[PDB]
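The letter at position 10 of the first sequence is residue 572 when you use full-length UniProt numbering, and the numbering goes up by one with no holes.
What follows is a short report on a single structure.
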Amino acid sequence: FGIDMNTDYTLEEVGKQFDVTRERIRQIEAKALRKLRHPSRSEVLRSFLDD
DNA sequence: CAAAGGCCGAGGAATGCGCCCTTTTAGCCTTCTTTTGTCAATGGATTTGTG
């Protein structure tokens, strides 16, 4: 994502700095998103949702 | 000898105002190549199982 930097880096350019061919980098993004998906870790972020 | 009237011009609303044809320009619309995000394999290095 683009937090605290002017991008928006993409998977190949990300995995360059981690030496992954973008597949493990996809997996790592997915794992972090799943971890933050948990309640008791994202109740505030839930409140930020508007609906 | 003047007066009526015919003439022209100087000033305004407005019921007033192009069309047909050639030629470029914009943009949308499809078709294809490439960067990118994804699913599944397939080992391989810690984590645990064991006594």
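Just so it is clear, CB atoms sit at the ideal spot from N, CA and C, and this is done for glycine as well.
**Request:** Can you grab the Cα-Cα spacing for the pair residue 594 / residue 608, in whole Å?
**Result:** 16 Å
**Message:** Given a cut-off of 9 Å on the beta-carbon distance, is the pair residue 570 and residue 564 in contact?
**Reply:** yes
**Message:** Determine whether the beta carbon atoms of residue 598 and residue 588 lie at a separation below 9 Å.
**Reply:** no
**Request:** Note down the Cα distance separating residue 591 from residue 583, rounded to an integer number of angstroms.
**Result:** 13 Å
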